[PDB]
Amino acid sequence: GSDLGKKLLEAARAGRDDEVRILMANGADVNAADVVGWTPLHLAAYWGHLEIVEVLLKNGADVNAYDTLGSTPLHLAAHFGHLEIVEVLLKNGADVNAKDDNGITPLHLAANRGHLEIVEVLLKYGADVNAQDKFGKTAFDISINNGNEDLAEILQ
Amino acid sequence: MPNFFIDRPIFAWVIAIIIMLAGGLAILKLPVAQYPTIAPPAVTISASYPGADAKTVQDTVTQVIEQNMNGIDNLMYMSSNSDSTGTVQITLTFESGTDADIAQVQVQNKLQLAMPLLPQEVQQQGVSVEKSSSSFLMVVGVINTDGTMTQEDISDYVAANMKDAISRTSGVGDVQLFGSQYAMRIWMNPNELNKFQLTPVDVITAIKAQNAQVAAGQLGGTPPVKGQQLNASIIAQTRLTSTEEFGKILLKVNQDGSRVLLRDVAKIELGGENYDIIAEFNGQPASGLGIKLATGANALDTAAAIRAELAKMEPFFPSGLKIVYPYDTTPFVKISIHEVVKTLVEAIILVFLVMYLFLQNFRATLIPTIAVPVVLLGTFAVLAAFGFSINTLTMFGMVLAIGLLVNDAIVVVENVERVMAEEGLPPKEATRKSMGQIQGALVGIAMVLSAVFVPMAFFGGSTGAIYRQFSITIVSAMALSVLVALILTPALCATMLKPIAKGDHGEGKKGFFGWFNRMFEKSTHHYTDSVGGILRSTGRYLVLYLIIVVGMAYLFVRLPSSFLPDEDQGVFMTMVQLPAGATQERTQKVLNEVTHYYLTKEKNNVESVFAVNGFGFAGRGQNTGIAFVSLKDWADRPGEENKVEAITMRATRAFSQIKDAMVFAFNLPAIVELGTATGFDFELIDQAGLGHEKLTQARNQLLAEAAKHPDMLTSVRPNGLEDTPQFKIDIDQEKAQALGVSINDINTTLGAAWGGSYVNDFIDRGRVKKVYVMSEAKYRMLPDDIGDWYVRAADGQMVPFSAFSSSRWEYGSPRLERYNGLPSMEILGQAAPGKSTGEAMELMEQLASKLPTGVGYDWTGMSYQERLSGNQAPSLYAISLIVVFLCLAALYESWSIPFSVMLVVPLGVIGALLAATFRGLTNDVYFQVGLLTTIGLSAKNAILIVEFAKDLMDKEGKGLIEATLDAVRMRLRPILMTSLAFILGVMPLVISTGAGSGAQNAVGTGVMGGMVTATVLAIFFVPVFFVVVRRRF
Amino acid sequence: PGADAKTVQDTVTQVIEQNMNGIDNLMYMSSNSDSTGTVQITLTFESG
Ligand SMILES: CCCCCCCCCCCCO[C@@H]1O[C@H](CO)[C@@H](O[C@H]2O[C@H](CO)[C@@H](O)[C@H](O)[C@H]2O)[C@H](O)[C@H]1O
Ligand SMILES: CCCCCCCCCCCCO[C@@H]1O[C@H](CO)[C@@H](O[C@H]2O[C@H](CO)[C@@H](O)[C@H](O)[C@H]2O)[C@H](O)[C@H]1O
Ligand SMILES: CN(C)c1ccc(O)c2c1C[C@H]1C[C@H]3[C@H](N(C)C)C(O)=C(C(N)=O)C(=O)[C@@]3(O)C(O)=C1C2=O
């Protein structure tokens, strides 16, 4: 835990852009993580702060940092439907097929919440459409279980 | 009437004696307390849902109860919070004047009918309805010093052997245990369970079966076979009573005939019901009792009763156990009552000194000595009649009123003395003539003083309740004072005073007094010469008066406004706050460090630190804590350096560098019952379907905008908690159904093990107590423990929790708030220096109007009181003004002459403002009470001047200046005596340090500042006022 | 129903009695707990 590391976790969470800017100039650990293993990139992704995601990525943030249950920022961004953040992470090397401890992927999470554009973006970056979670489920299973016809059509 | 009693001194004695006996009786029967009821009645509903997160509590308990709070009368507003300690509190606040008993029973009856809608385990725990706007009389700490008892051990002892006897102690209305009685604690082991294909479900089932009360019936019960010889009750299964028995509960018979017992899969022990709070007292395990005074009780008698009871319990204490008193409001009542006595004693002495110094005979000296005590005693009798208590505020009014009774007493006797010396009339004839000169004005003065003080009783809510205490004490005192002036003191004067030869002004005596007399006689001529030359040039004095009036305006405006001044109440608090997710152990290290500081760096000021881990005021949880710091007496803490403000500021400084924690000392509110009463209290409301996240965004938006106006708003902040990481686990229904695992088993396994479960009751040495199952700590700490729990499937196979669930981190609220039934967020802040809170409120309303669609707001608490209180003030001040004028117009038979008296108001008010400003004080209720008494006194001096001046023109045909000069000459001595007596008598309030000195200093420096300028200015200005007013009309 | 007197006193009467402190004008309180499991607690108040 860093002095500035903690300050950065908070600023990124709060989306205080100007503060994050200053913190970057000062060398605040971009790889700082809280108790559950979340980085500022994790936090920015969760709460959907796009500029901070971009600033963190310019400053050497681990794009594929996983938390203590193995979830990545792409998981969070996909899950909470932040399309532009999803795109940015992918452009910066996010593992499109990252599995968390449950074998859950970003495609699973996006399909489960009915995020069609994000599902499309993920498929475009090579999301494995046949990937199965710990229960053998695919994003497609989720779609028809949820009764989402549009989504199902997308995944064939 | 004066004439009536001058001829009937015995009849006047009889009235005085009746008044004294009525006063004496009242003192016996009068409730004694630190404060009257001041806060509006508030009822609180408390529920607890073991192992529940905040959203669970809100959505299965809080919303249901809130939706049933209808048809209840005089409700102002309702507010609630639900948090992740499994707790909800709903507070309903009622209009001032509501019967608190009716309010409570109406709330509890609506609740009673919502119970069937609540979850089972919440019904099991019960839901309490209580009056919460009541405060603690004292707190009794119970500690163990020899390391033999845990705080659980102590709490159980107190509940079993102290609480009830204290509850029954005379005068106590309520007792609260700081902890719980023992519970039977079953600490499950998931490895041992799985080993035998058992689960918490089996553990709960076995316990409900083998720890129970079972009805049977009777032998030879009715209706019987005729000829039956005995009738006897059958006793069957009764509840378990020991850990040994619980350990021996049967869970399973193995195939080899071997037996699985509860002690084979769990650790059994007596322990707490909850483990959220860790209480220490100077580092040692602690418990205690919060005690409240019963209605109409005597706080001093109750305190002594409580200590007497504790003493007779002491012989039976186990070793190491010690009673300790970290909070006792009872000193303040004692100090207050003593002040009333000390003030009465000092006034009698001062009046003796001043009467003798000027009148130089012991007889005149006696009359006030008699009259003042009589009036004061009768004042208690009226307080009683009106249902007031002897309390800090009423007693403080008594001290002020004593100053007023002294004034009346002196004025009546002085005038008889002057009339004797000037006319040579015998005591009786002179008393008649003297009373004839002042009696009308005395009644007018009584009317005018009432008009000033009474309207303040009509401020609403809290503010009125505080002013009421003063205005009823003060207005009663001077109504009785005038009454004694028209009945007793004339009788006393006519019978007790020695004759004075006409022309005898004592200039012939030798020694100090002969000198003083010649000097004061010369001074009176120099004075009248001055006034003569002043009245030769009234133009410049009108100018000087507009200057004073202007300066008053300026001083008044720039004086900072506060409601009540802080006090050094002998105790203060230290907030401790650790980041989200911070654990109980970490908080304890900070508390320890904090406790180590006070016992070290404040060893000369600090008696004890009561560290409460797991408790905060704006949110409970493992990462918040409070240290209650108790001090030695104000006597052992000499000077400003060792008073609470100094100590706290030093403490907050020293704690600033504590690493990962927010730690700061701060003072109690002046009246704990009333709450903070500083700045504003603002509610942001989800008026549509926005939800928690969208309301947080709107909150943040408003907080950022508040921060852009540091010029008008300072410290605008949430009163609640921020979202924190939480661990979301999804049960997969399909996989459970496919494995033959029921959801009820899964969910009961998870919640019983990780959240703990209240199974049923047992009896421990004759007291009924709870039974809880829960996992031993080390099997419910981390996410990887989740997979160590197993559930038995229909087919008998044991299935690890990991087989049918998945988990992820997310954020959520550890404390959801609601206001008037809607999601809400409470925001506190204050006006920046130089600005009024009302102005700060208006901006908040303006920023609020720019928030996203569907976000509303409301004002509550102090801000609610502030608003409706602020809308009266103008109407009340005008009514006062009008009535004063009408009384004066009646008194003088004139629409214009009242103006010459009313003009004196700035003359005293300017002094008050000057003294306050210089001494750095503020305009608060005690200052305002001081402004009123300052106005009244200067009003009184002016009234008698104008009365004499006018009477001389009317009765003796004297010219305007002639009459004015003569009046002012005649009133010089009484004004000086009367002002000297009062300045000296109010001195101790000004220099007072210690108990209640904040309040004392406020009225003291105001009333003394005001008395200096009022008497110096009035003796020159009211002659001017009277002349110019007369001329103009 | 079914409780002996000592049981109902321990689980019922004492529980209620210990909450009957601090009621206005309470002169005295008496109760009984019997073998039919029924308890009666009577609170008597100042004459007016
Ligand atoms: C020596 C004898 C002493 C006698 C002193 C008697 C004083 C008694 C005065 C009490 C009168 C009621 O007191 C006051 O009445 C007025 C008129 O309805 C109320 O109503 C007031 O409220 C609104 C608030 O928006 C004002 O804008 C409005 O001008 C005014 O009517 C006040 O809210 C109430 O506090
Ligand atoms: C108990 C408090 C004791 C306070 C003692 C402190 C002294 C306070 C003095 C108050 C002022 C009185 O001072 C009084 O001023 C007026 C001026 O208006 C003087 O009056 C003199 O000058 C004015 C013009 O300047 C003339 O019109 C007037 O005819 C002339 O005699 C008086 O001679 C003087 O006595
Ligand atoms: C807040 N306060 C004055 C104190 C101070 C010292 C303490 O030692 C304690 C408290 C609060 C009390 C409240 C009580 C309550 N009750 C009277 C049984 C209670 O319902 C709970 C609870 N969390 O459910 C407690 O924490 C509690 O058991 C507890 O352990 C406390 C406790 O230990």
Side-chain angles (χ1 to χ4, degrees), chain B residues 1-30 337 339-352 354-355 359 362-386 388 390 394-395 397-416 431 434-435 438-439 442-443 445-446 449-450 472-497 940 977-978 981-982 985:
Chain B
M1 172 138 125
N3 270 341
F4 180 82
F5 284 105
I6 288 165
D7 287 332
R8 299 165 180 73
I10 296 187
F11 194 164
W13 270 121
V14 173
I15 296 175
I17 291 150
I18 288 175
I19 290 179
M20 289 186 61
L21 283 164
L25 170 66
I27 281 170
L28 306 179
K29 232 63 181 181
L30 242 11
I337 294 166
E339 300 306 340
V340 179
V341 176
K342 132 161 173 156
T343 299
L344 168 63
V345 169
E346 292 193 278
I348 283 195
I349 290 177
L350 293 179
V351 158
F352 174 97
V354 179
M355 293 289 276
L359 305 187
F362 293 111
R363 268 168 185 264
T365 266
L366 253 298
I367 295 178
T369 302
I370 294 175
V372 160
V374 167
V375 172
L376 195 61
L377 267 164
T379 288
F380 279 95
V382 180
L383 283 207
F386 281 42
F388 289 72
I390 294 172
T394 44
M395 289 315 81
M398 287 286 184
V399 315
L400 286 172
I402 284 165
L404 288 168
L405 312 181
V406 167
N407 194 291
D408 271 341
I410 293 171
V411 158
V412 175
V413 181
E414 190 284 324
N415 203 56
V416 194
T431 298
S434 169
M435 295 310 303
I438 64 171
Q439 76 195 356
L442 287 184
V443 175
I445 290 158
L449 282 168
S450 303
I472 299 309
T473 304
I474 293 176
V475 173
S476 288
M478 56 198 167
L480 281 182
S481 182
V482 177
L483 205 43
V484 169
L486 297 179
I487 298 174
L488 177 58
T489 68
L492 296 182
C493 286
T495 54
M496 295 187 50
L497 291 168
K940 179 166 184 188
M977 295 175 301
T978 231
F982 184 98

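Every chain is numbered from 1, with letters handed out A, B, ... down the list of sequences. Because only heavy atoms are used, hydrogens play no part in the values below, and waters and symmetry mates are left out as well, while side chains stay in.
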| request: Keeping to residues at least two apart or across chains, list the salt bridge (charged side-chain N to carboxylate O under 4.0 Å, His left out) pairs with something in residues 376-385 of chain B. | output: none
| 4.5 Å side-chain heavy-atom contact, B:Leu480 and B:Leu376 | no
| Stepwise side-chain contact (heavy atoms from CB on, under 4.5 Å) check, B:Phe380 with B:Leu30 | CA-CA 8 Å; B:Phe380 279 95; B:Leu30 242 11; 3.8 Å; yes
| query | Hey, does B:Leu483 have a side-chain heavy atom less than 4.5 Å from the side chain of B:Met1? | reply | yes
| message | How long is the straight-line distance from CD1 of B:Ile367 back to CG of B:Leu488, given to the nearest 0.5 Å? | response | 9.0 Å
| request: May I have all residue pairs that pass salt bridge (charged side-chain N to carboxylate O under 4.0 Å, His left out) and include part of residues 401-411 of chain B, sequence neighbours excluded? | output: B:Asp408-B:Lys940
| Would B:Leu404 and B:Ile474 satisfy side-chain contact (heavy atoms from CB on, under 4.5 Å), going step by step from the backbone distance to the final call? | CA-CA 9 Å; B:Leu404 288 168; B:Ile474 293 176; 3.9 Å; yes
| Taking all atoms of both residues into account, what is the closest heavy-atom pair of B:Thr473 and B:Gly397, and its distance? | CG2-C, 3.5 Å
| Closest heavy-atom contact between B:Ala491 and B:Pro9? | CB-CA, 3.9 Å
| message | For a side-chain contact (heavy atoms from CB on, under 4.5 Å) check, start with the C-alpha distance between B:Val372 and B:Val351, then their side-chain angles and the critical distance, and finish with the verdict. | response | CA-CA 10 Å; B:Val372 160; B:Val351 158; 5.9 Å; no
| Going by heavy atoms in the side chains, are B:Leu449 and B:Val475 under 4.5 Å from each other? | no
| Residues B:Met435, B:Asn3; criterion side-chain contact (heavy atoms from CB on, under 4.5 Å); working and verdict | CA-CA 8 Å; B:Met435 295 310 303; B:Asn3 270 341; over 6 Å; no
| field | B:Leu28 atom CG, neighbour heavy-atom count above 12 within 6.0 Å | value | yes
| Where the side chain of B:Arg363 meets the backbone of B:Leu497, is there a donor-acceptor pair that is under 3.5 Å apart? | no
| field | Non-hydrogen side-chain atoms of B:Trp13 and B:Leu492 separated by less than 4.5 Å | value | yes
| task | State, yes or no, whether a side-chain contact exists between B:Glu339 and B:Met395 at a heavy-atom distance under 4.5 Å. | result | no
| Between B:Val406 and B:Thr978, is any pair of side-chain heavy atoms under 4.5 Å apart? | no
| said: On a heavy-atom basis, which atom in B:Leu359 and which in B:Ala364 lie closest, and how many Å separate them? | reply: CD1-CB, 3.9 Å
| said: Just verifying a value: how many Å separate B:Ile6 CD1 and B:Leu486 CG, rounded to the nearest 0.5 Å? | reply: 10.0 Å
| task | Working to the nearest 0.5 Å, report the span between CE of B:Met20 and CG of B:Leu25. | result | 13.5 Å
| request: Report the distance from atom OG1 of B:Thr431 to atom CG of B:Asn415, rounding to the nearest 0.5 Å. | output: 10.0 Å
| request: Grab the two heavy atoms, one from B:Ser450 and one from B:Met478, that are nearest each other, plus how far apart they are. | output: N-CE, 4.1 Å
| Partner residues of B:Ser476 under the side chain to side chain donor-acceptor pair (under 3.5 Å) criterion, sequence neighbours left out | none
| Does B:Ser434 use its side chain to pair, donor to acceptor, with the backbone of B:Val416 at less than 3.5 Å? | yes
| For B:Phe11, does the CZ atom sit with more than 12 other heavy atoms under 6.0 Å from it, leaving out its own atoms? | no
| message | Restricting to non-hydrogen atoms, name the atom on B:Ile19 and the atom on B:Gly378 that form the minimum distance, rounded to 0.1 Å. | response | CG2-CA, 3.5 Å
| task | Please report the shortest heavy-atom distance between B:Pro368 and B:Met355, naming the atom on each side. | result | CG-CE, 3.8 Å
| said: Once side-chain hydrogen bond (donor to acceptor under 3.5 Å, both in side chains) is applied, what residue pairs with a partner in residues 365-379 of chain B remain, sequence neighbours excluded? | reply: none
| task | Sequence neighbours left out, what passes ring-ring contact (aromatic ring centres under 6.0 Å, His included) with B:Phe388? Give chain and number order. | result | none
| task | Would you check if B:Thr394 and B:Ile472 make a side-chain contact, meaning some heavy-atom pair closer than 4.5 Å? | result | no
| Contacts of B:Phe386 that satisfy ring-ring contact (aromatic ring centres under 6.0 Å, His included) - sequence neighbours left out | none
| Rounded distance (nearest 0.5 Å) linking atom CD1 of B:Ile348 with atom OG1 of B:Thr343 | 11.5 Å
